[PDB]
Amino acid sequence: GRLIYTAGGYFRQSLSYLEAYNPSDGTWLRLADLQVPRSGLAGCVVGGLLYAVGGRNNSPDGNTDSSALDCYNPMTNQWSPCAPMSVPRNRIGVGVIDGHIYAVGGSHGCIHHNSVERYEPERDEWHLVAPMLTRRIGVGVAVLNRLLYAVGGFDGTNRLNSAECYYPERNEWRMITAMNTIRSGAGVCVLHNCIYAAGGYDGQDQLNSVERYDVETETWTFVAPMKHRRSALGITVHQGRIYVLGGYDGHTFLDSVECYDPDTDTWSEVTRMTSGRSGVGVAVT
């Protein structure tokens, strides 16, 4: 019986919440708070532990982007600090390959990283890999065919529709067909053999459009849009459907949770979150 975790986020202030939705029984769990509040972090599950990577702490005491790597054991309900990254990364993107955590891009102050680094949970160590072709913050990361895909983002001057692809054996990045829309802070995930990009911000409006990538076709076709425009939404896949959680619609911080069914190319509202928020980290156990 598996769970969708949601960590941190933002509403008026960076948030501490760790809550967990049960897609079967439809219930929400209140688990141990994070120790530092954070928006724009990303989450992943490797080894039955949950990891919360980077982000930012907007408190009324000040700003500070995080290089933290925080690690939640769900049998003990306890967060413990693991080794921090080389560099704070707000609006970070994360993807796991072979139980190794790739921290892609993100921002530190004024700096917009193209640095990438890979955490080894075994040794509790972070090391850099080949930095990507484009500075990217607000990047969506998906893993498909043992390859790491960095979709869209913001480079410090423009928002992006370019995507690029990391080859871990080879340690190099090559560019791929760009998206139809430019999206910073979209939700990017893998479903079937497709890289999906839902939502985001193009320096202007929020987005409700959704496109998927097809490595055979090498094109980015559009699919059904979401009910709600969401930037800085949290995304994950569970039992053959995409789940998007909260975000900013330009006006309010959504508590809505939508579920995309690829069989019928439709979205539907499943349960809402307890409080609206944006910039959450999301993983499935």
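For every residue, the number given is its place in the sequence shown, counted from 1.
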property	result
80-88 versus 200-208 - greater average Cα B-factor per the deposited record	200-208
Stretch exceeding the other in mean C-alpha B-factor - 37-45, 212-220	212-220
Residue of maximum C-alpha B factor among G105, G156, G185, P168, per deposited coordinates	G156
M179 CA temperature factor, ranked by third within the chain	highest
Cα B factor band for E120 (lowest, middle or highest third within the chain)	highest
Record-listed C-alpha B factor of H192: chain third	highest
CA B-factor placement of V244, once the chain's modelled residues are sorted into thirds	middle
Within-chain third of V270 by Cα B-factor, per the entry	highest
